[PDB]
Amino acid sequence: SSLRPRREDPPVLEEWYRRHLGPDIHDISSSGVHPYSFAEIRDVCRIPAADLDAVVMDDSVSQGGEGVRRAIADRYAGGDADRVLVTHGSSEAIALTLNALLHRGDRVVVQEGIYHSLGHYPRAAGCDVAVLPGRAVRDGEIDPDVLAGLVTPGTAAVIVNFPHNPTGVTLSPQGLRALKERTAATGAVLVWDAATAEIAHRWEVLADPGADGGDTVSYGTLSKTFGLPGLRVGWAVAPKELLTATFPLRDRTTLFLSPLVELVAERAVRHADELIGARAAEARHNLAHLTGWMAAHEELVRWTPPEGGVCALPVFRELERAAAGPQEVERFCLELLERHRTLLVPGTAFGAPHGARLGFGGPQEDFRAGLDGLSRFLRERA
């Protein structure tokens, strides 16, 4: 037969979860907040059974249901619905837009250690790619000298995710303001992933660049801060001109969304503050206990604390002392899972060989035991 499936490697992050995610374990690896039950959702976002039952299971539209597009636009695009594309999670948004945006040849600046599919599509589009290093961003700004060197006239796009999954680095309202001007001046397009935007620790929550009305693309999703990764709804905020040029590709992949799923999402974006607040507040209870845990263990673990989001990237000192290979952290994260029922994401997924993703977005009531698992783990090896 001619059944030869094309061999492409799975991205480290997804394959890790596929292989190891399951029940009977203390999971502290997620870059998002722990999910709500659908019960809770109807209660918080105010959804009667009669409103769901009234939904005709018919075709939605290409750009997204008018109701839910209004809800996102108001919050993120300054009322302009024509500038929102609603997608099957922000993943579909990234795929559709970047496909329509990037050409072969163009110079594109991509944040180091970025979530794959954001660096994946420019790499695929055969773009000329120049890395914006991790160390270049500190104290809520990108070294203006590094910005001058990397983003010059001609440059097609600058792709960044802030707050950063997994490190938890982000920008000050000034830092973003500088970056906007740099890209406005060179003609570059700011591509801006705002997945964990709503949870900020050091500075105030960053206003969406897509709200300006300029030549920028920004993404958002109900999956990280909202506690609805399983609703599968995200968006892109960008010029109508681009969004409509994504339709042909949508026509051979997904077509459109469920008006039922849209109904729900519309109410989630309206009652967003109630949804995020309860989870953010909970996550900081966790952050506090983590910081103490960190200082108690500073002989074995070094870290930069998150300036945003609900996950960090602790670095284990023993992997720096041996120094490579990257395969070690995976063995580490495996042994941690087998002996103590505790999950992290090995840093090989984020170009941080010595690091690992520790997420504190989950339930307070352990949480704690994952740490107590890792604590027991770290002592045994030393």
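Numbering starts at 1 and follows the sequence shown.
Mean CA B-factor, 91 to 99 versus 117 to 125: the higher value falls on 117 to 125. The question of which stretch, 59 to 67 or 320 to 328, has the higher mean Cα B factor is settled in favour of 320 to 328.
As recorded in the entry, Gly214 carries the highest CA temperature factor of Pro163, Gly149, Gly214, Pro248.
Ranked within its chain, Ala136 lands in the middle third, by CA B factor from the PDB record. The entry lists a Cα temperature factor for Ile276 that places it in the lowest third of the chain's modelled residues. Among the modelled residues of its chain, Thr186 has a C-alpha B-factor that falls in the middle third, as given in the PDB entry. Among all modelled residues in its chain, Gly234 ranks in the lowest third by Cα B-factor. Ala197 sits in the lowest third of its chain by CA B factor, as recorded in the PDB entry.
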